[PDB]
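Enquirer: Need the 3D shape of this:
(one chain, ligands or ions: 1)
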Amino acid sequence: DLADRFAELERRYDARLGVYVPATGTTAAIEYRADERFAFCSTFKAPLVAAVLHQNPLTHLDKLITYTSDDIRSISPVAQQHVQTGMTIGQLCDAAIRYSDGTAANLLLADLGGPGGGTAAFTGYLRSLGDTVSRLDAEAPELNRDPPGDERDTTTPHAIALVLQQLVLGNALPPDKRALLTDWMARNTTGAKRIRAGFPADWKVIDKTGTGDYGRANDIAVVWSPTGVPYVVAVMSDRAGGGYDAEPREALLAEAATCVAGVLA
Ligand SMILES: *C(=O)[C@@H](NC(=O)[C@H](N)c1ccccc1)[C@@H]1N[C@@H](C(=O)O)C(C)(C)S1
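Expert: Numbering: from 1, shown residues only. There you are, the coordinates:
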């Protein structure tokens, strides 16, 4: 039984696990702790890129953004290198999704603009998609640090899956912008050991990960069967029992995804 398997994984990893797969043509929704809040961590970068794409003409991708030494405040594998040159909006989107670059995401939040360095506008974008649950309150590095249970900087597996479904499968974005987001997630470099590890190689997987303090490890994905039937998969986890420095455990997500894949096969 799925719920039993998910509970077994929680015990194995001393973790809290949340899973949501929306209902489809012939499958019921899969849900486990799906309405409990979990920190977004870097998963917010996927709808962030959607918001920036939606907000602007496509060629806003070519706008060069400049920044400085004091802007590097978080893991930023790509932006660390381009302080002098600056990065285009398209480069920032690419880095935010594919390398989970924190500076890139902070700069995208500032591009979106408005109160809270862009976090209010980000939240407003989610509200426009019918998500009355999620909230972003801080940028990097703070957004990954809220104590377990705190509602700041949280979503739920259910909420984020419905958002991702609209962005990738539905009509939240026009086809050209939708393809940009989809391709960046398809080319993600950080997800090999999470949802991807749970699905057979002949399933397509696109995803965006997040990792945070208190053992936080998330992954949100869209997967397509070998015959092109898509499913949205959100898996979220934390390990409050280990305190702030608890190690995130990717294997928990790989195992959860393997269980989901077994049901969807
Ligand atoms: C988003 O979740 C980001 N997380 C962090 O910057 C955390 N402070 C962190 C936790 C563990 C190791 C390094 C940083 C980025 N997204 C993560 C991910 O996509 O899983 C990351 C580890 C690639 S950094």
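Enquirer: ok, the residue in the chain sticking out farthest from the centre - contacts?
Expert: Distance from the centre of the chain peaks at residue 84, with 28.8 Å (CA atoms, centre = their mean). By CB atoms under 8 Å, 6 or more residues apart in numbering, residue 84 lies in contact with nothing. From N, CA and C alone the C-beta is placed, and that goes for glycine too.
Enquirer: Need the three-state assignment for it.
Expert: Following DSSP: H, G, I helix; E, B strand; the rest coil, residue 84 is assigned to coil.
Enquirer: Look up the residues forming beta bridges with the residue nearest to residue 203 when sequence neighbours are not counted.
Expert: Distance criterion CB to CB, 6 or more residues apart in numbering; nearest residue to residue 203, sequence neighbours excluded, is residue 223 at 5.3 Å. Counting by DSSP bridges, residue 223 is bridged to residue 205, residue 231.
Enquirer: The ligand versus residue 140, what's the distance?
Expert: Going from residue 140 to the ligand by CB to the nearest ligand atom, to the nearest Å gives 6 Å.
Enquirer: Could you measure from residue 205 over to residue 232?
Expert: To residue 232, residue 205 is 11 Å away according to CB to CB, to the nearest Å.
Enquirer: typo on my end, it should be residue 120
Expert: Residue 120 is 26 Å from residue 232, by CB to CB.
Enquirer: For those two, indicate the residue with more neighbours.
Expert: A count of neighbours by other CB atoms under 10 Å puts residue 232 above the other of residue 120 and residue 232, at 22 against 17.
Enquirer: which residues does the more buried one contact?
Expert: Residues near residue 232 by CB under 8 Å, 6+ apart: 21-22, 161, 164-165, 168-169, 220-223.
Enquirer: Also residue 88?
Expert: Neighbours of residue 88 in contact, by CB under 8 Å, 6+ apart: 61-65.
Enquirer: one more time with 10 Å, if that's ok
Expert: 60-65, 82, 94 (CB atoms under 10 Å, 6 or more residues apart in numbering).
Enquirer: again, but for residue 225
Expert: 199-200, 202-204, 231, 261, 264-265.
Enquirer: Which single one of these is nearest to the ligand?
Expert: residue 199 (17.8 Å; CB to the nearest ligand atom).
Enquirer: nearest residue to the closest one other than its sequence neighbours?
Expert: Closest residue in space to residue 199, ignoring its immediate chain neighbours: residue 261 at 4.8 Å, by CB to CB, 6+ apart.
Enquirer: Any idea how far stretch 208-215 is from the middle of the chain?
Expert: Its chain's average C-alpha position is 10 Å from that of stretch 208-215, according to CA atoms, centre = their mean, to the nearest Å.
Enquirer: and if you look at stretch 241-249?
Expert: How far stretch 241-249 lies from its chain's middle: 20 Å, per CA atoms, centre = their mean.
Enquirer: Straight-line length of that stretch, end to end?
Expert: 13 Å (CA to CA, to the nearest Å).
Enquirer: Outside of that stretch itself, list whatever touches it.
Expert: Here stretch 241-249 makes contact (CB under 10 Å, 6+ apart) with 9, 12-16, 41, 145, 147-148, 209-218, 237-240, 255.
Enquirer: and the nearest residue in space to residue 66 that is not next to it in sequence, what does it touch?
Expert: Excluding its sequence neighbours, the residue lying closest to residue 66 (CB to CB, 6+ apart) is residue 86, at 4.0 Å. Residues in contact with residue 86 (CB under 10 Å, 6+ apart) are 63-67, 79, 92, 107.
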